[PDB]
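# Structural overview for review
Spelled out, the chains give:
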Amino acid sequence: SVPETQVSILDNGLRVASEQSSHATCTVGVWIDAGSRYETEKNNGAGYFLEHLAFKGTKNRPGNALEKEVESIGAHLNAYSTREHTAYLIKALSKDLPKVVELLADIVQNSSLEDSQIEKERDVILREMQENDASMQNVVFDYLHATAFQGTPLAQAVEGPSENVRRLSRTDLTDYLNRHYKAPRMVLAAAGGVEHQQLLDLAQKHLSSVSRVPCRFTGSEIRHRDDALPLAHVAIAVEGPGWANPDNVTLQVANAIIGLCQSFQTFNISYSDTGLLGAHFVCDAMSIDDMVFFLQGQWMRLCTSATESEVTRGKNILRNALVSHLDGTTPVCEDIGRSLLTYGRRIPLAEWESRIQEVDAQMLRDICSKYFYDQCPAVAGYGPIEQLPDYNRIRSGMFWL
Amino acid sequence: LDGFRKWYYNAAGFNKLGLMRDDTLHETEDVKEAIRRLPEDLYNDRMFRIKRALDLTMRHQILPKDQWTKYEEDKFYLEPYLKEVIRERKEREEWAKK
Amino acid sequence: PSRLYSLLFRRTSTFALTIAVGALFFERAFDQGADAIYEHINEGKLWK
Amino acid sequence: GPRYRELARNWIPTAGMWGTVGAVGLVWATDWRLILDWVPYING
Amino acid sequence: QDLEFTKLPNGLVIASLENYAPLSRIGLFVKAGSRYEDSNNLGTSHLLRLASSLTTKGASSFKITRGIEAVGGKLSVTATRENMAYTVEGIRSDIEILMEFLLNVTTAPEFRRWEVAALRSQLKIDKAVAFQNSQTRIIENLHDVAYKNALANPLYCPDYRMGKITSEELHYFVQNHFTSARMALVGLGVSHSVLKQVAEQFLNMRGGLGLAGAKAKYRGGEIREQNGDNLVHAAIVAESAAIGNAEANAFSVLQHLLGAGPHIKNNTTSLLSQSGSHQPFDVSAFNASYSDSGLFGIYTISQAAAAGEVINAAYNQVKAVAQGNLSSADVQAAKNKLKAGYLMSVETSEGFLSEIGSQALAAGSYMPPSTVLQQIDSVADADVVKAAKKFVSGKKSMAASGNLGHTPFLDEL
Amino acid sequence: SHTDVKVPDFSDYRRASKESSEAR
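Residues numbered from 1 in each chain as written, not as in the entry; some residues may be left out. Chains lettered and ligands numbered in written order. Part of a larger assembly, values for the part shown. Heavy atoms only, no water.

## Overview of the overall build of chain D
We count it as follows: Helix and strand assignments follow DSSP, with helices taken as H or I runs no shorter than four residues and strands as E runs no shorter than two, numbered in order from the N terminus. Classification of residues uses two cut-offs on accessible area relative to the type maximum, computed with a 1.4 Å probe and protein chains only: under 20% is buried, over 50% is exposed, and between them is partly exposed. Accessible areas in this description were obtained via Shrake-Rupley with a 1.4 Å probe; residue shielding takes into account the shown protein chains only.
A tally of helices and strands in chain D yields two helices and zero strands. Taking the principal axes of its C-alpha atoms as reference, chain D extends roughly 50 × 15 × 10 Å. Across the 44 residues of chain D, 20% fall into the buried class. Carbon together with sulfur atoms contributes 73% to the accessible area of chain D, which is approximately 3000 Å² in total.

So, in structure tokens, the structure goes:
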């Protein structure tokens, strides 16, 4: 009974997708298939710095008058960038649907990058990075990406190295903007109280101008020993299958089974036919090795012996979590934008439920043995990590005798 | 049966050391969980009774007959707390079984 | 060959099983081979 | 013991295989010469 | 259809909405916040909030955890100074046992002494995690200096009270505040009938009105705590309207005129924010209204050095609003921001369940989102100005933290 | 910060990838 996500396509290739619902406020966003994976180490912070510059004024709406408009209807304006996708989204009321779309049009095209602003946003970005190091789990996941995807564009961070940040100019940005903002790589996603025909007419009216035009898992480890920190963060991952491979669903159930360290989180990060599947835990130094041992046993267990009931637990757990319908509009659309960018279609919740209920214990331990057993992991540690075991002990813990 | 149980209580001989019945239980995992859940005063009386019994066994003495533990008087204090430990223990076991 | 790894090495027990079988046969070959090599080496100087 | 049952199945093959390995090793080390005898290889 | 609200003869409110959602949520709302304690049982509501997974009369702890995780459902406790809400959510095929677990937790706890003795360390850990950020500590300090008895009680347990909260205090608090006349059971994605039928198995034990809480008294005062954070988190508030009074709305329109946090992921987004500016600093308007009293004021984060005049600048801006220096387009934009914030707050399922819940306990009635929209519209420009003068005149209460060498006092402010 | 540098080039050491995983 969940309403279907209807997708149309303009000549530009900008797929305009929408999923109407009763809620009177909507989350209209633009997703773009452009991240740090498409950068070539000479423009490693171009997407991040453009994400900073995108709300500082356009040609038609110069400066803060633009954001005055998004204050005037009381709407909320957000943007984010990952290694593969960039999103500019607005939460607003339903009746303010046209102007919001027009605002989004300016943000993707006709944007203006002021040289004055460029220096101010450089100091913002530089400073944030200079303090970003504070967030350990971000440092550990960046280290894990770097040591797992050495020599590839997937190792480099979204923010880029301070070097590039300082060394960036309007023209470079202009390039990234004019290169990675093509209309066939763009989805206009709407969730909530929107009509699809009105949204399609608004996309035809504005946004109809947008121009129309592998990775290797290096199993290895990076350890940043700094003994003055109170807690240690350790992430261990193996290679993931990718977006389009259905056993992801089964792997998600495996994560739902795992769900000794103060904090233990499992992740299945997916990129275009690659990814990182693993666990991140933050612990006191004198516990670290025991955690690792614990964690490896669980994984090995699933690969070795997994019952029927726990599987059911994961199935159900995932089900409720996977549930996103009417979770929130922002989430809803976020899902429409990512589904049109990655799968090329919006997978409905009934298909997700079918793929969940076809998962049993035998295929779960088969897929877990395919992806976890006797695999070389990527290890990233930060903090008092002397008792964190080196690569032979972790690699030997990746199988059982 | 009641009189024969009193005779067996006298023949067991832990009342001559001033002990209760629940003091004589072997401390397994469930018994230690039941002991940990005791209130402070009952735990302190149990530890003093055990220490006094150990001292009397050291000197190879027993208490005077007026100070022994009357069968009727003995209180099964740990019992209530113990049943729970066993109940909880079994419940958990069953869950795993299934 | 992946087959070897997938079939013989993947399962630790098989890893042992193959080693076990190999050991059972290695002796035969090595013994006989070395014996003959030795025999050839000292082709004429022996009891015969 | 359903859970135990399932886990057993999972370990059955590997368990048996380890047993098989031991059996093989036993015959080889012991040089059974009776089980081995029928085997193509011959000690002499 | 829309929500249904039968009032049972023992006082329990039942509200239901069947929207055929795949995941259904069921919450239970009690007027048992931290304002109902006194100086003898401080921090009891924090341990009660953290004691939701303890062996209940009906269900052992193992089950109350393994049964909720077996179906993948979620049980959470949210607490304000007035209200507590225990919420379960899950698939429609498992909400029968979810209501069994939730109503057992609400109605028949056991509060075993070894369980609460194990829980007090978790109480300390939860308080440390909560006070890891400066806003939480400065709002708790602001409430403590602003009120005398009722709303001055902290949401988190004091340091001396750890190790001292007993099972008898929890039992007394539950028996005196978890009664049927202070409870509303609200269900999205369920039939009203079952809620009515799950309101009989439980919620029938305590039919009283509970031990009502003392009236909160304002005290004023300014507390400053040097903590080192380069940023002087300073909150300056005064007494404002209660939730119900019409003036309330006027104060909500006043915070959305002054600035209620940024709407972009950071400038000229507030009369306050606009009022010169050559430094990194955050300034917003704070409003917290409870059923007998409210606090309205300004909240500033700034560099210690500029902490003074920035606060002064923010204060001066409110004085301009107290002098009638405002435009009708600004008030219309504030009304649009407030109504969009309300609609986006109720657009999610758990926010919708909380809203219905709050309305139930507060007024026993459901106010359709539409109704509110026209009432917010009722607030008019002069009304906003009025609330301002209330703040500009009423005795202020100030909570400050950081390097306070250049942070002004109330007699200087 | 962390982003300042990239994993040093181990190519010299690196050998000449699940297709090769089993092989390796």
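Picking up where we left off.
## Things to note about the environment of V186(E)
All names here are of chain E. To keep things clear, this is the line we draw: Any pair of residues with heavy atoms lying within 4.5 Å of one another is described as a contacting pair.
Here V186 lies in strand β6 (residues 183–188). The class of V186 is buried, set by a relative accessible area of 0%. Put simply, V186 and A32 are 154 residues apart on the chain and 17 Å apart in space, counted from C-alpha to C-alpha. If sequence neighbours within four positions are ignored, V186 has contacts with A15, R25, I26, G27, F29, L195, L353, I356 and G357.

## Structural notes on the packing of aromatic side chains
Keep this limit in mind: To pair, rings of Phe, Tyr and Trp, with the six-membered ring standing in for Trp, must have centres within 6.5 Å; the planes then decide the type, stacked if under 30 degrees apart, edge-to-face if over 60, and tilted in the middle. Sitting over a ring, as applied to charges here, requires NZ of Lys or CZ of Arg to be within 6 Å of the ring centre and within 35 degrees of the ring normal.
According to the stated counting rule, one finds 23 aromatic pairs over all chains in the structure shown. Each ring, one from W95(B) and one from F62(E), has its centre 5.2 Å from the other, and the planes form 80°; the classification is edge-to-face. With one member in each of two chains, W95(B) in helix α4 (residues 78–97) and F62(E) in helix α2 (residues 61–70) form a pair that bridges those chains. Lying across the ring of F76(B), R21(B) places its NZ or CZ 3.2 Å from the centre. Over the face of the ring belonging to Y36(E) we find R35(E), whose NZ or CZ atom lies 5.7 Å from the ring centre.

## What to know about the UniProt feature "transmembrane region" in chain C
For clarity, the cut-off: UniProt positions are given in the numbering used here, feature names are shortened, and annotations may be inferred rather than shown by experiment.
In this structure's numbering, the residues bearing the UniProt feature "transmembrane region" are residues 13–37 of chain C. With 100% helix and 0% strand, residues 13–37 of chain C has end C-alpha atoms that lie 35 Å from one another.

## A few points about the arrangement of the chains
Among the nine pairs of chains that make contact, the interface with the largest number of contacts is formed by chains A and E. You won't find any contact between chain B and chain C; their C-alpha atoms come no closer than 28 Å.

## A closer look at the nonpolar core
General note: in soluble globular proteins, nonpolar side chains tend to be found buried as a group. All names here are of chain E. Here is the rule: Joining through side-chain atoms within 4.5 Å is the link that ties buried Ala, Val, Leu, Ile, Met, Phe, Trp, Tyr and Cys residues into a set, and such a set is a nonpolar core.
Ranked by size, the top nonpolar core spans 79 residues in total, and within it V253, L254, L258 and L272 carry the most contacts. Sorting elements by how many residues they give to this core places helix α11 (residues 328–346) first, with eight residues. Residues within four places of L258 in sequence aside, it is in contact with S270, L271, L272, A285, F296, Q317, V318 and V321.

## Here we look at the interface of chain C and chain D
Size of an interface, as often reported, equals the accessible area lost when the parts are brought together. We count it as follows: Joining two parts hides part of their accessible area as seen by a 1.4 Å probe, and the buried area is that hidden amount summed over both. The salt bridge criterion pairs a side-chain nitrogen of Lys or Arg with a carboxyl oxygen of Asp or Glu, the two atoms within 4 Å. Pairs of N or O atoms within 3.5 Å make up the polar contacts considered here, provided that, within protein, one atom can donate a hydrogen while the other can accept it, and that residues adjacent in sequence are counted only when both atoms are side-chain atoms.
Contacts between the two partners involve eleven residues from chain C and, on the opposite side, ten residues from chain D. Taken together, the two surfaces of chain C and chain D that pack against each other cover about 1100 Å², and 82% of this comes from carbon and sulfur. Seen at the junction of chain C and chain D, the total is zero salt bridges. At the junction of chain C and chain D, the tally comes to two residue pairs in polar contact.

## Section: the sheet that holds strand β4 (residues 74–79) of chain E
Residue and element names in this part refer to chain E. Stated formally: The pairing criterion for strands is at least two bridges between them, as found by DSSP. Note on method: axes are straight lines fitted to C-alpha atoms, helices fitted across the in-contact stretch only, with angles between N-to-C directions ranging 0 to 180 degrees.
Taken in spatial order, the six strands of this open sheet run β1-β2-β6-β3-β5-β4, and their pairing is mixed. Where the open sheet ends on each side, the last strands, each with one partner, are β1 (4–7) and β4. Going from strand to strand, the sheet's axes swing by 15° on average, the running direction of each strand aside. Summarising the sheet, strand β2 (residues 13–17) and β6 pair through five bridges and their orientation is parallel. Looking across to β6, one finds that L17 is bridged to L188. Strands β1, β2, β3 (23–30) and β6 of the sheet are contacted by helix α7 (residues 192–201), whose axis makes an angle of about 150° with β2.

## Regarding the interface of chain E and chain A
Test applied: Each residue receives one of three labels: charged for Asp, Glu, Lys and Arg, nonpolar for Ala, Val, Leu, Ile, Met, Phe, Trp, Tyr, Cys and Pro, and polar for the others, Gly being one of them.
On the chain A side, the residues contacting the 27 residues of chain E number 30 residues. Carbon and sulfur atoms supply 53% of the area buried between chain E and chain A, which totals about 2400 Å² over both sides. When the area that chain E buries against chain A is broken down by residue, the three leading residues are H263(E), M344(E) and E347(E), summing to 26%. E71(A) is paired through a salt bridge with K337(E); the nearest N and O atoms lie 3.5 Å apart. Taken together, the connections running from chain E to chain A amount to eleven residue pairs in polar contact. When contributions to the side of chain E that touches chain A are tallied by element, the ones reaching two or more residues are α2, β5 (84–91) and α11 of chain E. For the side of chain E that touches chain A, the element with the most residues is α11(E), which contributes six residues. The class makeup of the residues in the side of chain E that touches chain A is twelve nonpolar, eleven polar and four charged.

## Here's the deal with the pairing of strand β8 (residues 233–240) of chain E
Residues and elements named next belong to chain E. Counting buried positions over the eight residues of β8 gives seven, a clear majority of the element. Two elements, β8 and strand β11 (residues 396–401), share six bridges in a ladder whose sense is antiparallel. Note on β11: the bridge partner recorded for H233 is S401.

## Overview of the state of the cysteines
Residues and elements named next belong to chain A. What counts here: By convention in this document, the label disulfide applies to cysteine sulfur atom pairs within 2.5 Å.
Going through the model one piece at a time under the given rule, you end up with one disulfide over all chains. The thiol sulfur of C333 is not disulfide-bonded, and the nearest other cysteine sulfur, from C26, lies at 9.6 Å. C333 sits in the buried class, given a relative accessible area of 0%. No disulfide involves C376; its sulfur sits 15 Å from the nearest other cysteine sulfur, which is in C303. By relative accessible area, which is 39% here, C376 ends up partly exposed.

## Concerning the packing of helix α8 (residues 246–258) of chain E against α11(E)
All names here are of chain E. Threshold: In this scheme, roughly parallel covers angles under 35 degrees and roughly antiparallel covers those over 145, while 65 to 115 is roughly perpendicular and the rest are oblique.
The N-to-C vectors of α8 and α11 enclose an angle of 105°; their axes lie 8 Å apart at closest approach. Looking at the two axes, α8 sits roughly perpendicular to α11. On α11, the residues touching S252, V253, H256 and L257 of α8 are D330, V331, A334, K335, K337 and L338. Among the residues making up the contact of α8 with α11, the classes are represented as five nonpolar, two polar and three charged.

## What to know about a negative patch on the surface
Quick note on the threshold: Patches were defined on residues exceeding 30% relative accessible area and lacking a salt bridge, with like-charge contacts within 9 Å and nonpolar side-chain contacts (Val, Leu, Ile, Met, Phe, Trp, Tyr) within 5 Å. Think of it this way: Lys and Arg go in the positive column, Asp and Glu in the negative one, and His and the chain ends go nowhere. Charge positions are represented by NZ for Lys, CZ for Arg, CG for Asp and CD for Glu.
Judged by side-chain charge, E27(C), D31(C), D35(C) and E39(C) come together as a negatively charged surface patch. Its location among the elements puts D31(C) in helix α2 (residues 12–41).

## A few points about the UniProt feature "transmembrane region" in chain D
The sites that carry the UniProt feature "transmembrane region" are, in the present numbering, residues 11–32 of chain D. Here residues 11–32 of chain D runs as 91% helix and 0% strand, with 29 Å between its end C-alpha atoms.

## Considering helix α5 (residues 136–148) of chain A
Residue and element names in this part refer to chain A. Note the cut-off: To estimate the expected span of a helix, subtract one from its residue number and multiply by 1.5 Å.
The end-to-end C-alpha distance of α5, which contains 13 residues, comes to 18 Å, matching closely the 18 Å that a straight helix rising 1.5 Å per residue would cover. In terms of burial, α5 is largely enclosed, as eleven of its 13 residues are buried. For α5, the complete set of buried residues consists of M136, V139, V140, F141, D142, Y143, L144, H145, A146, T147 and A148. Summarising the contacts, the buried residues of α5 are in contact with α4 (115–132), β7 (221–225), β8 (232–239), β9 (263–271), β10 (274–283) and β11 (378–383).

## Brief notes about a nonpolar patch on the surface
On the surface, a cluster of nonpolar side chains totalling about 560 Å² of accessible area is made up of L26(D), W32(D), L34(D), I35(D) and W38(D). By the secondary structure assignment, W32(D) is in the loop between α1 (2–30) and α2 (35–38).

## Digging into the environment of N40(E)
Mapped onto the secondary structure, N40(E) falls in the loop between β3 and α1 (44–50). Between the alpha carbons of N40(E) and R161(E) there is a distance of 9.5 Å; along the sequence they are 121 residues apart.

## Points about the sheet that holds β8(E)
Residue and element names in this part refer to chain E. Pairing is mixed across the open sheet formed by five strands, whose spatial order is β7-β11-β8-β10-β9. Strands at the two margins of the open sheet, each flanked by one partner only, are β7 (221–225) and β9 (282–289). When strand polarity is set aside, the average angle formed by the axes of neighbouring strands in this sheet is 15°. Here β7 pairs with β11 via five bridges, running parallel. Each bridged residue has a counterpart across the sheet, and for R224 the counterpart in β11 is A400. Contacts from helix α14 (residues 381–393) reach β8, β10 (294–301) and β11, with the element oriented near 115° to β8.

## Focus: the pairing of strand β5 (residues 86–93) of chain A
Residues and elements named next belong to chain A. Among the eight residues of β5, seven are classified as buried, and the element is accordingly described as predominantly covered. When strand β3 (residues 25–32) meets β5, the two strands line up antiparallel, connected through eight bridges. Counted as the bridge partner of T27 is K91 from β5. Direction of pairing for strand β4 (residues 76–81) relative to β5: antiparallel, over a ladder of six bridges. Paired with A79 across the two strands is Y88, which belongs to β5.

## Points about the pattern of salt bridges
Scanning the model with the defined rule gives 49 salt bridges over all chains in all. In this structure, the salt-bridge partner of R170(A) is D115(A), at a minimum N-O distance of 3.9 Å. With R170(A) in helix α7 (residues 170–180) and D115(A) in helix α4, this pair connects stretches of sequence that are 55 residues apart. For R170(A), a relative accessible area of 35% gives the class partly exposed. In this structure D115(A) comes out as exposed when scored by relative accessible area, which is 53%. For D22(B), the salt bridge is made with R21(B), and the minimal N-O distance between the two is 2.9 Å. Exposure remark for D22(B): the relative accessible area of 2% places this residue in the buried category. For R21(B), a relative accessible area of 29% puts it in the partly exposed group. If you follow the salt bridges from partner to partner, you end up with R37(B), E84(B), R87(B), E88(B), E110(E) and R112(E) in one network.

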